$ cat data29.cif   # mmCIF, C-alpha atoms
data_protein
loop_
_atom_site.label_atom_id
_atom_site.label_comp_id
_atom_site.auth_asym_id
_atom_site.auth_seq_id
_atom_site.Cartn_x
_atom_site.Cartn_y
_atom_site.Cartn_z
CA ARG A 73 -122.36 -119.48 122.23
CA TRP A 74 -125.87 -120.72 122.99
CA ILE A 75 -126.44 -121.41 119.27
CA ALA A 76 -123.24 -123.45 119.14
CA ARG A 77 -124.18 -125.21 122.38
CA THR A 78 -127.74 -126.29 121.65
CA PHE A 79 -127.73 -127.00 117.89
CA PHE A 80 -124.33 -127.41 116.27
CA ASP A 81 -121.53 -129.97 116.43
CA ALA A 82 -117.95 -129.86 117.61
CA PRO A 83 -115.19 -129.89 114.98
CA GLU A 84 -113.86 -132.96 116.82
CA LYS A 85 -117.07 -134.88 116.08
CA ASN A 86 -117.21 -133.90 112.41
CA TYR A 87 -113.44 -134.23 111.95
CA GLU A 88 -113.25 -137.79 113.25
CA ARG A 89 -116.38 -138.56 111.22
CA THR A 90 -114.58 -137.42 108.04
CA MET A 91 -111.50 -139.45 108.93
CA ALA A 92 -113.44 -142.65 109.68
CA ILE A 93 -115.49 -142.18 106.51
CA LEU A 94 -112.35 -141.86 104.39
CA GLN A 95 -111.03 -145.07 105.97
CA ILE A 96 -114.27 -146.88 105.02
CA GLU A 97 -114.41 -145.72 101.43
CA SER A 98 -110.67 -146.22 100.89
CA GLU A 99 -111.27 -149.88 101.79
CA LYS A 100 -114.16 -149.88 99.29
CA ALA A 101 -112.11 -148.42 96.42
CA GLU A 102 -109.13 -150.73 96.99
CA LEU A 103 -111.39 -153.79 97.10
CA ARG A 104 -113.13 -152.66 93.90
CA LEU A 105 -109.93 -152.28 91.86
CA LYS A 106 -108.57 -155.53 93.29
CA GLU A 107 -111.87 -157.19 92.30
CA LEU A 108 -111.58 -156.17 88.66
CA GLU A 109 -107.91 -157.18 88.46
CA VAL A 110 -108.69 -160.61 89.95
CA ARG A 111 -111.56 -160.96 87.48
CA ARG A 112 -109.45 -160.09 84.43
CA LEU A 113 -106.60 -162.46 85.32
CA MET A 114 -109.04 -165.21 86.30
CA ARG A 115 -110.79 -164.94 82.94
CA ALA A 116 -107.42 -164.81 81.17
CA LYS A 117 -105.85 -167.93 82.70
CA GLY A 118 -108.82 -169.81 84.17
CA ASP A 119 -107.15 -171.06 87.35
CA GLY A 120 -109.84 -169.68 89.65
CA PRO A 121 -113.20 -171.03 90.78
CA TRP A 122 -115.34 -168.44 88.96
CA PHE A 123 -115.17 -168.99 85.20
CA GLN A 124 -115.44 -172.77 84.95
CA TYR A 125 -118.04 -173.74 82.39
CA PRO A 126 -119.16 -177.35 82.98
CA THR A 127 -117.30 -180.01 81.01
CA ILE A 128 -118.07 -183.74 80.82
CA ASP A 129 -118.89 -185.52 84.07
CA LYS A 130 -116.82 -188.72 84.02
CA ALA A 131 -119.00 -190.71 86.46
CA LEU A 132 -120.99 -192.08 83.53
CA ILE A 133 -117.75 -193.30 81.92
CA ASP A 134 -117.98 -196.91 83.09
CA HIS A 135 -115.08 -199.09 81.98
CA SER A 136 -116.09 -202.75 81.75
CA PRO A 137 -115.41 -205.86 79.67
CA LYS A 138 -116.96 -205.02 76.29
CA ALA A 139 -117.88 -207.17 73.29
CA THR A 140 -115.01 -206.30 70.92
CA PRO A 141 -111.54 -206.81 72.44
CA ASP A 142 -109.87 -203.91 70.62
CA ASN A 143 -111.97 -200.99 71.83
CA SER B 3 -107.37 -104.30 123.25
CA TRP B 4 -104.48 -105.09 120.91
CA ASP B 5 -100.72 -105.36 120.93
CA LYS B 6 -98.95 -102.12 120.11
CA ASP B 7 -96.20 -104.10 118.37
CA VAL B 8 -98.31 -105.80 115.69
CA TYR B 9 -100.47 -102.75 114.83
CA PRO B 10 -97.81 -100.09 115.39
CA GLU B 11 -98.45 -96.43 116.07
CA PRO B 12 -95.86 -93.63 115.98
CA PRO B 13 -95.87 -91.27 118.98
CA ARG B 14 -98.19 -88.29 118.92
CA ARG B 15 -97.09 -84.82 117.82
CA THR B 16 -99.51 -82.08 118.80
CA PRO B 17 -98.90 -78.31 118.82
CA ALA B 18 -100.25 -75.68 121.20
CA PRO B 19 -101.99 -72.99 119.11
CA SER B 20 -101.03 -69.44 120.06
CA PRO B 21 -103.90 -67.07 119.13
CA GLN B 22 -102.56 -63.87 117.60
CA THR B 23 -105.78 -61.84 117.78
CA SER B 24 -108.97 -62.08 119.83
CA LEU B 25 -112.32 -62.70 118.16
CA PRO B 26 -112.25 -65.39 120.03
CA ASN B 27 -112.59 -69.03 119.02
CA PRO B 28 -116.14 -70.33 118.37
CA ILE B 29 -115.06 -73.98 118.24
CA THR B 30 -113.63 -73.87 121.78
CA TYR B 31 -117.02 -72.89 123.23
CA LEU B 32 -118.63 -75.44 120.94
CA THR B 33 -116.31 -78.27 121.99
CA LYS B 34 -116.84 -77.47 125.68
CA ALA B 35 -120.59 -77.64 125.05
CA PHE B 36 -119.97 -80.90 123.17
CA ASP B 37 -118.07 -82.29 126.17
CA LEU B 38 -120.82 -81.31 128.60
CA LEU B 39 -123.69 -82.54 126.42
CA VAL B 40 -122.19 -85.76 125.01
CA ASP B 41 -119.06 -86.80 126.90
CA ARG B 42 -120.47 -86.98 130.45
CA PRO B 43 -123.75 -88.93 129.84
CA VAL B 44 -122.29 -91.55 127.51
CA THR B 45 -119.50 -92.09 130.04
CA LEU B 46 -122.06 -92.59 132.82
CA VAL B 47 -124.05 -95.03 130.65
CA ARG B 48 -120.92 -97.02 129.75
CA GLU B 49 -119.84 -97.12 133.40
CA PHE B 50 -123.27 -98.47 134.41
CA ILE B 51 -123.16 -101.11 131.67
CA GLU B 52 -119.61 -102.09 132.66
CA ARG B 53 -120.72 -102.61 136.26
CA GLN B 54 -123.56 -104.80 134.97
CA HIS B 55 -121.00 -106.72 132.88
CA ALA B 56 -118.59 -107.19 135.78
CA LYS B 57 -121.32 -108.51 138.06
CA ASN B 58 -120.73 -111.93 136.46
CA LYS B 59 -117.70 -113.18 134.51
CA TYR B 60 -117.74 -114.90 131.15
CA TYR B 61 -114.59 -116.07 129.36
CA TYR B 62 -113.88 -117.17 125.81
CA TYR B 63 -110.66 -118.94 124.97
CA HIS B 64 -108.61 -119.00 121.78
CA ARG B 65 -108.79 -122.25 119.84
CA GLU B 66 -105.35 -123.80 119.32
CA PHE B 67 -104.12 -126.73 117.25
CA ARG B 68 -101.18 -129.11 117.07
CA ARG B 69 -98.69 -129.94 114.32
CA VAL B 70 -99.79 -132.99 112.39
CA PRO B 71 -96.56 -133.91 110.59
CA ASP B 72 -96.39 -133.25 106.83
CA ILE B 73 -97.65 -133.96 103.38
CA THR B 74 -94.02 -134.82 102.54
CA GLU B 75 -94.31 -137.82 104.89
CA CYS B 76 -97.51 -139.26 103.38
CA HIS B 77 -97.46 -142.16 100.94
CA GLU B 78 -99.09 -143.01 97.58
CA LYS B 79 -102.75 -143.00 98.59
CA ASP B 80 -103.10 -143.20 102.46
CA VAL B 81 -106.16 -140.96 102.74
CA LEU B 82 -106.03 -140.72 106.55
CA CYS B 83 -102.60 -139.04 106.21
CA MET B 84 -103.30 -136.66 103.33
CA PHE B 85 -106.45 -135.49 105.12
CA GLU B 86 -104.64 -134.11 108.17
CA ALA B 87 -101.85 -132.88 105.88
CA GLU B 88 -104.08 -130.83 103.61
CA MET B 89 -106.25 -129.45 106.39
CA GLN B 90 -103.08 -128.27 108.15
CA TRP B 91 -101.97 -126.69 104.86
CA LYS B 92 -105.35 -125.01 104.32
CA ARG B 93 -105.28 -123.48 107.79
CA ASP B 94 -101.78 -122.18 107.05
CA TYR B 95 -103.25 -120.70 103.87
CA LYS B 96 -106.01 -118.87 105.75
CA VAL B 97 -103.68 -117.45 108.40
CA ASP B 98 -101.22 -116.42 105.69
CA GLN B 99 -103.94 -114.53 103.81
CA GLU B 100 -104.60 -112.69 107.05
CA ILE B 101 -100.87 -111.93 107.39
CA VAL B 102 -101.15 -110.22 104.00
CA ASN B 103 -104.24 -108.37 105.28
CA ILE B 104 -102.31 -107.10 108.32
CA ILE B 105 -99.40 -105.84 106.20
CA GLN B 106 -101.73 -104.11 103.75
CA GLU B 107 -103.58 -102.42 106.63
CA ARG B 108 -100.21 -101.20 107.91
CA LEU B 109 -99.51 -99.74 104.48
CA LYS B 110 -102.89 -97.96 104.46
CA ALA B 111 -102.28 -96.56 107.93
CA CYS B 112 -98.81 -95.33 106.96
CA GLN B 113 -100.40 -93.59 103.98
CA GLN B 114 -103.01 -91.82 106.04
CA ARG B 115 -100.87 -90.91 109.08
CA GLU B 116 -97.83 -89.47 107.30
CA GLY B 117 -99.94 -87.00 105.33
CA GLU B 118 -99.02 -85.27 102.08
CA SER B 119 -95.41 -86.48 102.25
CA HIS B 120 -95.83 -90.17 101.47
CA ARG B 121 -92.20 -91.19 101.07
CA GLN B 122 -91.07 -90.16 104.58
CA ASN B 123 -91.26 -92.98 107.18
CA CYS B 124 -93.21 -95.25 104.78
CA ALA B 125 -90.20 -96.73 103.00
CA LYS B 126 -89.77 -99.48 105.59
CA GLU B 127 -93.38 -100.66 105.53
CA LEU B 128 -93.54 -100.55 101.73
CA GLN B 129 -90.27 -102.53 101.76
CA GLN B 130 -91.64 -105.27 103.99
CA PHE B 131 -94.91 -105.22 102.02
CA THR B 132 -93.11 -105.90 98.74
CA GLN B 133 -91.07 -108.55 100.58
CA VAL B 134 -94.03 -110.53 101.97
CA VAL B 135 -96.05 -110.09 98.80
CA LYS B 136 -93.13 -111.22 96.64
CA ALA B 137 -93.11 -114.31 98.86
CA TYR B 138 -96.87 -114.74 98.32
CA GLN B 139 -96.62 -114.24 94.55
CA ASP B 140 -93.87 -116.85 94.50
CA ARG B 141 -95.60 -119.33 96.76
CA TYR B 142 -99.40 -119.45 96.38
CA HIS B 143 -100.30 -117.51 93.25
CA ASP B 144 -100.39 -119.41 89.97
CA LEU B 145 -102.28 -122.56 90.91
CA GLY B 146 -105.94 -121.70 90.37
CA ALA B 147 -109.15 -122.73 92.12
CA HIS B 148 -108.76 -126.48 92.66
CA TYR B 149 -105.83 -126.20 95.01
CA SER B 150 -105.70 -129.08 97.45
CA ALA B 151 -102.13 -129.03 98.67
CA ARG B 152 -100.43 -131.09 96.03
CA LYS B 153 -100.29 -128.47 93.31
CA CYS B 154 -98.44 -126.23 95.78
CA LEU B 155 -95.78 -128.87 96.38
CA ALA B 156 -95.59 -129.50 92.63
CA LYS B 157 -94.99 -125.77 92.12
CA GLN B 158 -92.39 -125.94 94.90
CA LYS B 159 -90.48 -128.76 93.20
CA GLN B 160 -90.78 -127.17 89.75
CA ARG B 161 -89.54 -123.77 90.93
CA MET B 162 -86.57 -125.11 92.86
CA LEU B 163 -85.65 -127.41 89.97
CA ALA B 164 -85.76 -124.47 87.56
CA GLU B 165 -83.57 -122.42 89.91
CA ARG B 166 -81.25 -125.43 90.22
CA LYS B 167 -80.85 -125.37 86.44
CA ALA B 168 -80.36 -121.59 86.60
CA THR B 169 -77.58 -121.84 89.19
CA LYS B 170 -76.03 -124.73 87.26
CA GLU B 171 -75.85 -122.35 84.30
CA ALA B 172 -74.54 -119.70 86.72
CA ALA B 173 -71.82 -122.06 87.98
#

$ encode --input "data29.cif" --output "structure tokens"
Amino acid sequence: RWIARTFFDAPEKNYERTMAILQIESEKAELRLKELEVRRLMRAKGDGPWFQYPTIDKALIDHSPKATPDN
Amino acid sequence: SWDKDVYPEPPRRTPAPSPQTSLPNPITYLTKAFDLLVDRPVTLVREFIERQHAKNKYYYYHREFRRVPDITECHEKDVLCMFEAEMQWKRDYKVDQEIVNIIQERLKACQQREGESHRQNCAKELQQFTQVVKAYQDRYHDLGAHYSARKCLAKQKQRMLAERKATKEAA
């Protein structure tokens, strides 16, 4: 009884530690699988803000009266 | 102490030996000398130690648990449901192993008490032994080392589905 009193831990302490720790890592695993599914559909269709390789910037396209009428 | 209804004992049967002739009886003198040389001093020592025990009073309690609901009520993944489910199942597994230990100790004690006639007054305990161990062989046996709880419920479903097909053939 003295050994359990001065050194060891209650099963309540360890049990709730296990339960909280499973909650944490279940969040981690669900976010990881959701991450890779979001990544594969976002590479497939391209609608998302990740895989957008830079196209032409149209600010340099400056329409104006040219020399030749038929451009 | 212990309950007399979980570790049963038949009543005692002891004869009174009638000596035909008179040598007499070395073991009676020897057991009276044994009583006077062993039985009195160890009793006095134990009585002293029991008074030293009963000066103060310790107590230890029995740890008790509740009924967390099921594994049949837990969902697809839900790890904070399956955890309580499978720890409740594993504690049932430990206490059920010790049920088997109690029944097998009863069988051993029926063997040694009843003497050289085994089959008298040991039919009932052998009957309940084969009953509980048939239940154990049906329920926990052929799953292996990586039991969690889910292989036991899979065995449960597979066995009752096979017996459902058997009674459909028996219909």

$ resolve_selection --input "data29.cif" --expression "the PyMOL selection byres ((chain A) within 8 of (chain B))" --output "number ranges by chain"
A: 91, 94-95, 98

$ write_last_selection --input "data29.cif" --atoms "C-alpha atoms" --output "PDB file, keeping the file's coordinate frame"
ATOM      1  CA  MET A  91    -111.500-139.450 108.930  1.00  0.00           C
ATOM      2  CA  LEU A  94    -112.350-141.860 104.390  1.00  0.00           C
ATOM      3  CA  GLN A  95    -111.030-145.070 105.970  1.00  0.00           C
ATOM      4  CA  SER A  98    -110.670-146.220 100.890  1.00  0.00           C
TER       5      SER A  98
END

$ atom_distance --input "data29.cif" --atom1 "atom CA of residue A:120" --atom2 "atom CA of residue A:97"
27.1 Å

$ atom_distance --input "data29.cif" --atom1 "atom CA of residue B:152" --atom2 "atom CA of residue B:93"
14.8 Å

$ atom_distance --input "data29.cif" --atom1 "atom CA of residue B:130" --atom2 "atom CA of residue B:149"
26.8 Å

$ residues_around --input "data29.cif" --residues "residue B:115" --least-positions-apart "5" --cutoff "12 Å" --atoms "only C-alpha atoms" --output "list in words"
residues 10, 11, 12, 13, 14, 15, 108, 109, 110, 120, 121, 122, 123 and 124 of chain B

$ axis_aligned_box --input "data29.cif" --around "stretch 71-79 of chain B" --padding-each-side "6 Å" --output "AutoDock Vina command-line options"
--center_x -98.4 --center_y -138.1 --center_z 104.1 --size_x 20.7 --size_y 21.8 --size_z 25.0

$ resolve_selection --input "data29.cif" --expression "the PyMOL selection byres ((chain B and resi 68) around 12)" --output "list in words"
residues 65, 66, 67, 69, 70, 71, 86, 87, 89, 90 and 93 of chain B

$ write_last_selection --input "data29.cif" --atoms "C-alpha atoms" --output "short mmCIF file (atom, residue, chain, number, x, y, z; two decimals), keeping the file's coordinate frame"
data_model
loop_
_atom_site.label_atom_id
_atom_site.label_comp_id
_atom_site.auth_asym_id
_atom_site.auth_seq_id
_atom_site.Cartn_x
_atom_site.Cartn_y
_atom_site.Cartn_z
CA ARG B 65 -108.79 -122.25 119.84
CA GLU B 66 -105.35 -123.80 119.32
CA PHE B 67 -104.12 -126.73 117.25
CA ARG B 69 -98.69 -129.94 114.32
CA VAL B 70 -99.79 -132.99 112.39
CA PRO B 71 -96.56 -133.91 110.59
CA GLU B 86 -104.64 -134.11 108.17
CA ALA B 87 -101.85 -132.88 105.88
CA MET B 89 -106.25 -129.45 106.39
CA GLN B 90 -103.08 -128.27 108.15
CA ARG B 93 -105.28 -123.48 107.79
#

$ closest_residue --input "data29.cif" --among "B:54, B:74, B:169, B:113" --to "residue B:154" --atoms "all atoms listed in the file"
B:74

$ build_atoms --input "data29.cif" --residues "stretch 53-73 of chain B" --atoms "N, CA and C atoms" --output "PDB file, in the coordinates of the input"
ATOM      1  N   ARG B  53    -120.431-101.985 134.967  1.00  0.00           N
ATOM      2  CA  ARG B  53    -120.720-102.610 136.260  1.00  0.00           C
ATOM      3  C   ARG B  53    -121.678-103.788 136.108  1.00  0.00           C
ATOM      4  N   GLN B  54    -122.679-103.660 135.229  1.00  0.00           N
ATOM      5  CA  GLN B  54    -123.560-104.800 134.970  1.00  0.00           C
ATOM      6  C   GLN B  54    -122.834-105.950 134.281  1.00  0.00           C
ATOM      7  N   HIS B  55    -121.815-105.656 133.469  1.00  0.00           N
ATOM      8  CA  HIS B  55    -121.000-106.720 132.880  1.00  0.00           C
ATOM      9  C   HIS B  55    -120.169-107.417 133.944  1.00  0.00           C
ATOM     10  N   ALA B  56    -119.490-106.642 134.784  1.00  0.00           N
ATOM     11  CA  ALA B  56    -118.590-107.190 135.780  1.00  0.00           C
ATOM     12  C   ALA B  56    -119.301-107.695 137.025  1.00  0.00           C
ATOM     13  N   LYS B  57    -120.636-107.721 137.040  1.00  0.00           N
ATOM     14  CA  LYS B  57    -121.320-108.510 138.060  1.00  0.00           C
ATOM     15  C   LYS B  57    -120.978-109.993 137.925  1.00  0.00           C
ATOM     16  N   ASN B  58    -121.181-110.573 136.742  1.00  0.00           N
ATOM     17  CA  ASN B  58    -120.730-111.930 136.460  1.00  0.00           C
ATOM     18  C   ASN B  58    -119.436-111.895 135.645  1.00  0.00           C
ATOM     19  N   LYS B  59    -118.934-113.074 135.283  1.00  0.00           N
ATOM     20  CA  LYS B  59    -117.700-113.180 134.510  1.00  0.00           C
ATOM     21  C   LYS B  59    -117.832-114.298 133.492  1.00  0.00           C
ATOM     22  N   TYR B  60    -117.946-113.943 132.218  1.00  0.00           N
ATOM     23  CA  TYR B  60    -117.740-114.900 131.150  1.00  0.00           C
ATOM     24  C   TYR B  60    -116.270-114.938 130.744  1.00  0.00           C
ATOM     25  N   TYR B  61    -115.916-115.954 129.959  1.00  0.00           N
ATOM     26  CA  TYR B  61    -114.590-116.070 129.360  1.00  0.00           C
ATOM     27  C   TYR B  61    -114.731-116.811 128.046  1.00  0.00           C
ATOM     28  N   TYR B  62    -114.040-116.348 127.006  1.00  0.00           N
ATOM     29  CA  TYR B  62    -113.880-117.170 125.810  1.00  0.00           C
ATOM     30  C   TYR B  62    -112.401-117.373 125.565  1.00  0.00           C
ATOM     31  N   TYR B  63    -112.046-118.579 125.162  1.00  0.00           N
ATOM     32  CA  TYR B  63    -110.660-118.940 124.970  1.00  0.00           C
ATOM     33  C   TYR B  63    -110.334-118.881 123.483  1.00  0.00           C
ATOM     34  N   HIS B  64    -109.051-118.929 123.165  1.00  0.00           N
ATOM     35  CA  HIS B  64    -108.610-119.000 121.780  1.00  0.00           C
ATOM     36  C   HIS B  64    -108.388-120.457 121.410  1.00  0.00           C
ATOM     37  N   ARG B  65    -108.963-120.880 120.289  1.00  0.00           N
ATOM     38  CA  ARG B  65    -108.790-122.250 119.840  1.00  0.00           C
ATOM     39  C   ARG B  65    -107.379-122.445 119.298  1.00  0.00           C
ATOM     40  N   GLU B  66    -106.709-123.501 119.748  1.00  0.00           N
ATOM     41  CA  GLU B  66    -105.350-123.800 119.320  1.00  0.00           C
ATOM     42  C   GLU B  66    -105.267-125.227 118.814  1.00  0.00           C
ATOM     43  N   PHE B  67    -104.286-125.470 117.958  1.00  0.00           N
ATOM     44  CA  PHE B  67    -104.120-126.730 117.250  1.00  0.00           C
ATOM     45  C   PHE B  67    -102.731-127.291 117.512  1.00  0.00           C
ATOM     46  N   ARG B  68    -102.485-128.477 116.981  1.00  0.00           N
ATOM     47  CA  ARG B  68    -101.180-129.110 117.070  1.00  0.00           C
ATOM     48  C   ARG B  68    -100.541-129.118 115.693  1.00  0.00           C
ATOM     49  N   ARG B  69     -99.395-129.776 115.589  1.00  0.00           N
ATOM     50  CA  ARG B  69     -98.690-129.940 114.320  1.00  0.00           C
ATOM     51  C   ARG B  69     -98.794-131.402 113.906  1.00  0.00           C
ATOM     52  N   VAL B  70     -99.817-131.720 113.126  1.00  0.00           N
ATOM     53  CA  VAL B  70     -99.790-132.990 112.390  1.00  0.00           C
ATOM     54  C   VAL B  70     -98.676-132.917 111.352  1.00  0.00           C
ATOM     55  N   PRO B  71     -97.947-134.035 111.069  1.00  0.00           N
ATOM     56  CA  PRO B  71     -96.560-133.910 110.590  1.00  0.00           C
ATOM     57  C   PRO B  71     -96.303-133.191 109.272  1.00  0.00           C
ATOM     58  N   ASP B  72     -96.811-133.697 108.152  1.00  0.00           N
ATOM     59  CA  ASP B  72     -96.390-133.250 106.830  1.00  0.00           C
ATOM     60  C   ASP B  72     -97.374-133.751 105.792  1.00  0.00           C
ATOM     61  N   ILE B  73     -97.234-133.231 104.571  1.00  0.00           N
ATOM     62  CA  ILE B  73     -97.650-133.960 103.380  1.00  0.00           C
ATOM     63  C   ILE B  73     -96.445-134.631 102.731  1.00  0.00           C
TER      64      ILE B  73
END
